[PDB]
């Protein structure tokens, strides 16, 4: 029911579903922000987010380059955007591609998974797509 899509922004360049940003190499730092587009969350609840940047060659993810955790609050309508700011990310190398993965977990138990009338499980979302262009940056010279 709940869905998570993501959009990576590098400096002012924004990846889309049809076009990953091609970013001129700057090993001293490029600013990376990932927007989480969520739907189907519980209004006003806190959620813990863990974002990861991986070097990606095909479907195979290589090393983790960067990690960032944060706590957000779900919009009143249970759908909206969160910005996870990785800050200045170093040593993204020309000729390589990097993908952002997101993991979302409610602070509180919200799901009655055991069908006992009581929330007993956290609501969990994830977007870990190595082929999602919207979450990919390509570094160029």
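Residue numbers count along the first chain shown, from 1.
Annotation for 41 to 49 versus 58 to 66: the higher mean temperature factor (C-alpha) is found in 58 to 66. The PDB entry records a higher mean C-alpha B factor for 88 to 96 than for its counterpart among 30 to 38 and 88 to 96. Among the modelled residues of its chain, residue 9 has a C-alpha B-factor that falls in the lowest third, as given in the PDB entry. Per-chain ranking of the deposited C-alpha B factor places residue 19 in the middle third. For residue 129, the recorded CA temperature factor ranks within the middle third of the chain's modelled residues.
When the modelled residues of the chain are ordered by their C-alpha B factor, residue 75 lands in the highest third. For residue 102, the recorded CA temperature factor ranks within the lowest third of the chain's modelled residues.
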